[PDB]
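Structure record follows, encoded as structure tokens.
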Amino acid sequence: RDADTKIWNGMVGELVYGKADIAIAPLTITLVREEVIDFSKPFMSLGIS
Amino acid sequence: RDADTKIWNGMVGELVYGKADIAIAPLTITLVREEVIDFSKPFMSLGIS
Amino acid sequence: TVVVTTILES
Ligand SMILES: NS(=O)(=O)c1cc2c(cc1Cl)N[C@H]([C@H]1C[C@H]3C=C[C@@H]1C3)NS2(=O)=O
């Protein structure tokens, strides 16, 4: 979501607005973007290093 | 799965057949299970060792 | 209630 505006932008936002179809990207599964769109099972796992 | 029967002998056979509701267990997300049950997103990471 | 099945493993 946008800072101070809470409007969805980005690769998440493109899938929100119908333009994008699938996002096969280094994109972290997050609770807040789980709310808007679907996720698959994770394909890579990693931590903050 | 059983040979010639497909009836699961174990926890998920209790989960598929209306007996059990939720299965919170060390249950491996493999393709055979997820095509006929649902999984949530994983909660622990591991491997063959 | 709901049924919360498990397997016995430490
Ligand atoms: N090492 S890694 O992060 O590239 C990585 C990450 C993952 C792998 C395999 C590898 Cl090699 N498989 C798992 C799979 C096992 C079950 C849980 C999620 C899928 C189905 N997904 S994962 O946890 O996202």
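Convention: chains lettered A, B, ... in structure tokens order; per-chain residue numbering from 1; ligands numbered from 1 as shown.
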Please, which residues have at least one atom within 8 Å of an atom of ligand 1, using only C-alpha atoms and all ligand atoms, listed as an mmCIF file with N, CA, C and O atoms, in the first residue's frame?
```cif
data_model
loop_
_atom_site.group_PDB
_atom_site.id
_atom_site.type_symbol
_atom_site.label_atom_id
_atom_site.label_comp_id
_atom_site.auth_asym_id
_atom_site.auth_seq_id
_atom_site.Cartn_x
_atom_site.Cartn_y
_atom_site.Cartn_z
ATOM 1 N N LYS A 41 2.483 -22.204 -2.588
ATOM 2 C CA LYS A 41 3.452 -22.673 -1.621
ATOM 3 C C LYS A 41 4.797 -22.038 -1.947
ATOM 4 O O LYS A 41 5.064 -21.728 -3.114
ATOM 5 N N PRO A 42 5.630 -21.765 -0.948
ATOM 6 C CA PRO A 42 6.875 -21.049 -1.216
ATOM 7 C C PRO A 42 7.844 -21.923 -1.983
ATOM 8 O O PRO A 42 7.883 -23.136 -1.796
ATOM 9 N N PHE A 43 8.608 -21.307 -2.879
ATOM 10 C CA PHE A 43 9.555 -22.101 -3.644
ATOM 11 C C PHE A 43 10.970 -21.941 -3.115
ATOM 12 O O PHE A 43 11.781 -22.863 -3.221
ATOM 13 N N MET A 44 11.288 -20.799 -2.523
ATOM 14 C CA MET A 44 12.567 -20.632 -1.853
ATOM 15 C C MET A 44 12.354 -20.044 -0.468
ATOM 16 O O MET A 44 11.493 -19.189 -0.264
ATOM 17 N N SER A 45 13.163 -20.503 0.484
ATOM 18 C CA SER A 45 13.108 -20.038 1.861
ATOM 19 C C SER A 45 14.419 -19.365 2.222
ATOM 20 O O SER A 45 15.479 -19.782 1.754
ATOM 21 N N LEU A 46 14.346 -18.340 3.059
ATOM 22 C CA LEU A 46 15.501 -17.520 3.380
ATOM 23 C C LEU A 46 15.217 -16.706 4.625
ATOM 24 O O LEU A 46 14.068 -16.547 5.037
ATOM 25 N N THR B 28 4.124 -33.954 6.106
ATOM 26 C CA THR B 28 4.877 -33.474 4.960
ATOM 27 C C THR B 28 3.956 -33.044 3.830
ATOM 28 O O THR B 28 3.101 -33.806 3.383
ATOM 29 N N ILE B 29 4.136 -31.811 3.366
ATOM 30 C CA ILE B 29 3.406 -31.311 2.212
ATOM 31 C C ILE B 29 4.050 -31.947 0.988
ATOM 32 O O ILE B 29 5.091 -31.500 0.511
ATOM 33 N N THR B 30 3.442 -33.023 0.500
ATOM 34 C CA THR B 30 3.820 -33.629 -0.765
ATOM 35 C C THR B 30 2.629 -33.579 -1.711
ATOM 36 O O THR B 30 1.494 -33.322 -1.297
ATOM 37 N N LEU B 31 2.920 -33.810 -2.994
ATOM 38 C CA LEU B 31 1.955 -33.543 -4.057
ATOM 39 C C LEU B 31 0.751 -34.463 -3.955
ATOM 40 O O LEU B 31 -0.376 -34.067 -4.270
ATOM 41 N N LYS B 41 0.076 -22.578 4.585
ATOM 42 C CA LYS B 41 1.477 -22.323 4.298
ATOM 43 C C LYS B 41 2.331 -22.974 5.378
ATOM 44 O O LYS B 41 1.853 -23.159 6.501
ATOM 45 N N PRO B 42 3.562 -23.382 5.069
ATOM 46 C CA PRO B 42 4.339 -24.159 6.039
ATOM 47 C C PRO B 42 4.717 -23.358 7.275
ATOM 48 O O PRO B 42 4.633 -22.131 7.297
ATOM 49 N N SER B 45 10.790 -25.668 8.537
ATOM 50 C CA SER B 45 11.601 -26.030 7.388
ATOM 51 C C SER B 45 12.601 -27.102 7.785
ATOM 52 O O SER B 45 13.201 -27.032 8.859
#
```
_Please list as a VMD selection string every residue within 9 Å of region 7-17 of chain B, counting only C-alpha atoms and excluding residues in the same chain fewer than 3 positions away._
(chain B and resid 1 to 4 20 to 23 25 27 33 36 to 37) or (chain C and resid 5 to 7)
